[PDB]
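*Asks:* Just so it is clear, I am handing over run01.pdb, which has PDB, C-alpha atoms.
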```pdb
ATOM      1  CA  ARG A 472       0.000   0.000   0.000  1.00  0.00           C
ATOM      2  CA  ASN A 473       1.235   3.491  -0.870  1.00  0.00           C
ATOM      3  CA  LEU A 474      -1.369   4.959   1.501  1.00  0.00           C
ATOM      4  CA  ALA A 475      -2.666   8.547   1.004  1.00  0.00           C
ATOM      5  CA  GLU A 476      -5.299   7.210  -1.427  1.00  0.00           C
ATOM      6  CA  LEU A 477      -6.863   5.572   1.611  1.00  0.00           C
ATOM      7  CA  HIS A 478     -10.590   5.254   2.158  1.00  0.00           C
ATOM      8  CA  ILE A 479     -12.264   6.820   5.202  1.00  0.00           C
ATOM      9  CA  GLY A 480     -13.097   4.174   7.778  1.00  0.00           C
ATOM     10  CA  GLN A 481     -10.820   1.657   6.089  1.00  0.00           C
ATOM     11  CA  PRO A 482      -9.108  -0.898   8.360  1.00  0.00           C
ATOM     12  CA  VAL A 483      -5.337  -0.526   8.244  1.00  0.00           C
ATOM     13  CA  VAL A 484      -2.614  -2.085  10.352  1.00  0.00           C
ATOM     14  CA  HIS A 485       0.020  -0.088  12.164  1.00  0.00           C
ATOM     15  CA  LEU A 486       3.215  -2.108  12.625  1.00  0.00           C
ATOM     16  CA  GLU A 487       3.391  -0.670  16.157  1.00  0.00           C
ATOM     17  CA  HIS A 488      -0.107  -1.484  17.480  1.00  0.00           C
ATOM     18  CA  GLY A 489      -2.098  -3.180  14.743  1.00  0.00           C
ATOM     19  CA  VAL A 490      -5.423  -2.819  12.966  1.00  0.00           C
ATOM     20  CA  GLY A 491      -7.137   0.553  13.226  1.00  0.00           C
ATOM     21  CA  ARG A 492      -9.700   2.702  11.414  1.00  0.00           C
ATOM     22  CA  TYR A 493      -8.274   5.244   8.997  1.00  0.00           C
ATOM     23  CA  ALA A 494      -9.708   8.724   9.438  1.00  0.00           C
ATOM     24  CA  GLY A 495      -8.696  11.427   6.990  1.00  0.00           C
ATOM     25  CA  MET A 496      -5.394  13.234   7.366  1.00  0.00           C
ATOM     26  CA  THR A 497      -3.914  15.853   9.658  1.00  0.00           C
ATOM     27  CA  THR A 498      -1.049  18.277   9.132  1.00  0.00           C
ATOM     28  CA  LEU A 499       1.469  18.446  11.970  1.00  0.00           C
ATOM     29  CA  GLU A 500       4.106  21.083  12.613  1.00  0.00           C
ATOM     30  CA  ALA A 501       6.893  19.679  14.755  1.00  0.00           C
ATOM     31  CA  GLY A 502      10.118  21.306  15.874  1.00  0.00           C
ATOM     32  CA  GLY A 503      12.120  20.553  12.766  1.00  0.00           C
ATOM     33  CA  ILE A 504       9.823  18.227  10.859  1.00  0.00           C
ATOM     34  CA  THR A 505       6.628  19.720   9.478  1.00  0.00           C
ATOM     35  CA  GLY A 506       4.355  18.127   6.905  1.00  0.00           C
ATOM     36  CA  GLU A 507       1.400  15.887   6.176  1.00  0.00           C
ATOM     37  CA  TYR A 508       0.424  13.120   8.577  1.00  0.00           C
ATOM     38  CA  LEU A 509      -1.977  10.242   8.523  1.00  0.00           C
ATOM     39  CA  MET A 510      -4.825  10.244  11.016  1.00  0.00           C
ATOM     40  CA  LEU A 511      -6.025   6.949  12.465  1.00  0.00           C
ATOM     41  CA  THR A 512      -8.652   6.087  15.042  1.00  0.00           C
ATOM     42  CA  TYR A 513      -8.464   3.093  17.332  1.00  0.00           C
ATOM     43  CA  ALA A 514     -10.517   1.834  20.273  1.00  0.00           C
ATOM     44  CA  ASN A 515     -11.907   4.574  22.538  1.00  0.00           C
ATOM     45  CA  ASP A 516     -11.448   6.942  19.573  1.00  0.00           C
ATOM     46  CA  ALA A 517      -7.706   6.969  20.174  1.00  0.00           C
ATOM     47  CA  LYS A 518      -5.912   9.297  17.773  1.00  0.00           C
ATOM     48  CA  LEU A 519      -2.932   8.008  15.813  1.00  0.00           C
ATOM     49  CA  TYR A 520      -0.623  10.131  13.676  1.00  0.00           C
ATOM     50  CA  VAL A 521       1.641   8.528  11.089  1.00  0.00           C
ATOM     51  CA  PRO A 522       4.117  10.563   8.993  1.00  0.00           C
ATOM     52  CA  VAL A 523       3.818  10.271   5.213  1.00  0.00           C
ATOM     53  CA  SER A 524       7.469   9.216   5.210  1.00  0.00           C
ATOM     54  CA  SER A 525       6.529   6.155   7.275  1.00  0.00           C
ATOM     55  CA  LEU A 526       3.569   5.083   5.137  1.00  0.00           C
ATOM     56  CA  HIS A 527       5.233   1.807   4.141  1.00  0.00           C
ATOM     57  CA  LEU A 528       4.858   0.692   7.752  1.00  0.00           C
ATOM     58  CA  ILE A 529       1.081   0.835   7.342  1.00  0.00           C
ATOM     59  CA  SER A 530      -0.746  -2.001   5.615  1.00  0.00           C
ATOM     60  CA  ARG A 531      -4.308  -2.412   4.500  1.00  0.00           C
ATOM     61  CA  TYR A 532      -6.179  -5.192   6.307  1.00  0.00           C
ATOM     62  CA  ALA A 533      -7.511  -7.014   3.230  1.00  0.00           C
ATOM     63  CA  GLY A 534      -9.001 -10.012   4.979  1.00  0.00           C
ATOM     64  CA  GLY A 535     -12.448 -10.146   3.464  1.00  0.00           C
ATOM     65  CA  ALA A 536     -14.986  -8.837   5.931  1.00  0.00           C
ATOM     66  CA  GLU A 537     -13.380  -5.402   6.227  1.00  0.00           C
ATOM     67  CA  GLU A 538     -16.495  -4.109   7.977  1.00  0.00           C
ATOM     68  CA  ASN A 539     -16.045  -6.756  10.661  1.00  0.00           C
ATOM     69  CA  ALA A 540     -12.321  -6.090  10.886  1.00  0.00           C
ATOM     70  CA  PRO A 541     -11.247  -5.812  14.551  1.00  0.00           C
ATOM     71  CA  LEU A 542     -10.097  -2.673  16.339  1.00  0.00           C
ATOM     72  CA  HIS A 543      -6.996  -2.409  18.529  1.00  0.00           C
ATOM     73  CA  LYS A 544      -6.420   0.103  21.320  1.00  0.00           C
ATOM     74  CA  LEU A 545      -3.688   2.717  21.748  1.00  0.00           C
ATOM     75  CA  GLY A 546      -1.834   3.449  24.967  1.00  0.00           C
ATOM     76  CA  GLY A 547      -2.576   7.124  25.390  1.00  0.00           C
TER      77      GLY A 547
END
```
What do you get writing this file as structure tokens?
*Replies:*
Amino acid sequence: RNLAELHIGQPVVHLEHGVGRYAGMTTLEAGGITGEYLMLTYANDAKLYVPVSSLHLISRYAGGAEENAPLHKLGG
């Protein structure tokens, strides 16, 4: 997956935590690194941000029943 062309609500796996629900994109301005970031939502509406330079760490679920794809939690 090249990401970016992702579908809203699409189940995608984060190599760090696992399957989550993709939700649009957010732009983040860090001290040094500013740019476009991926926005993901996990259990308890946990917000995940993934840099567009780390997209290849994200994978699309692609199991079959994408609507019944599970949802992991983040440790906020």
*Asks:* Tell me which protein, DNA and RNA residues are within 6 Å of residue 494 (chain A), counting all atoms listed in the file, leaving out same-chain ones fewer than 4 positions away, and put them as a list in words.
*Replies:*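 With the cut-off at 6 Å, the set is residues 479, 480, 510 and 511 of chain A.
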*Asks:* Return as a tab-separated table (two decimals) with C-alpha atoms, keeping the file's coordinate frame the set of residues that the PyMOL selection byres ((chain A and resi 525-539) around 10) yields on the displayed structure.
*Replies:*
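The resulting file, result_0.tsv, is shown below:
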```tsv
chain	number	residue	atom	x	y	z
A	472	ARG	CA	0.00	0.00	0.00
A	473	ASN	CA	1.24	3.49	-0.87
A	474	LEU	CA	-1.37	4.96	1.50
A	475	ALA	CA	-2.67	8.55	1.00
A	477	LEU	CA	-6.86	5.57	1.61
A	480	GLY	CA	-13.10	4.17	7.78
A	481	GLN	CA	-10.82	1.66	6.09
A	482	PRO	CA	-9.11	-0.90	8.36
A	483	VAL	CA	-5.34	-0.53	8.24
A	484	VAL	CA	-2.61	-2.08	10.35
A	485	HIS	CA	0.02	-0.09	12.16
A	486	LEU	CA	3.22	-2.11	12.62
A	487	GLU	CA	3.39	-0.67	16.16
A	489	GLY	CA	-2.10	-3.18	14.74
A	490	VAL	CA	-5.42	-2.82	12.97
A	491	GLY	CA	-7.14	0.55	13.23
A	493	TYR	CA	-8.27	5.24	9.00
A	508	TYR	CA	0.42	13.12	8.58
A	509	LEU	CA	-1.98	10.24	8.52
A	521	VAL	CA	1.64	8.53	11.09
A	522	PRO	CA	4.12	10.56	8.99
A	523	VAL	CA	3.82	10.27	5.21
A	524	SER	CA	7.47	9.22	5.21
A	540	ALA	CA	-12.32	-6.09	10.89
A	541	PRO	CA	-11.25	-5.81	14.55
A	542	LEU	CA	-10.10	-2.67	16.34
```
*Asks:* State, in Å with one decimal place, the distance from CA of residue 501 (chain A) to CA of residue 544 (chain A).
*Replies:*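 The value is 24.6 Å.
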*Asks:* Check which residues satisfy the PyMOL selection byres ((chain A and resi 517) around 10) in the file shown, then give them as a list in words.
*Replies:*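 Selected by the PyMOL selection byres ((chain A and resi 517) around 10) in this file: residues 491, 492, 511, 512, 513, 514, 515, 516, 518, 519, 543, 544, 545, 546 and 547 of chain A.
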*Asks:* Edge lengths and centre in Å to one decimal, as JSON, of the axis-aligned box that encloses all listed atoms of region 491-510 of chain A with 3 Å added on every side?
*Replies:*
```
{"center_x": 1.2, "center_y": 10.9, "center_z": 11.0, "size_x": 27.8, "size_y": 26.8, "size_z": 15.7}
```
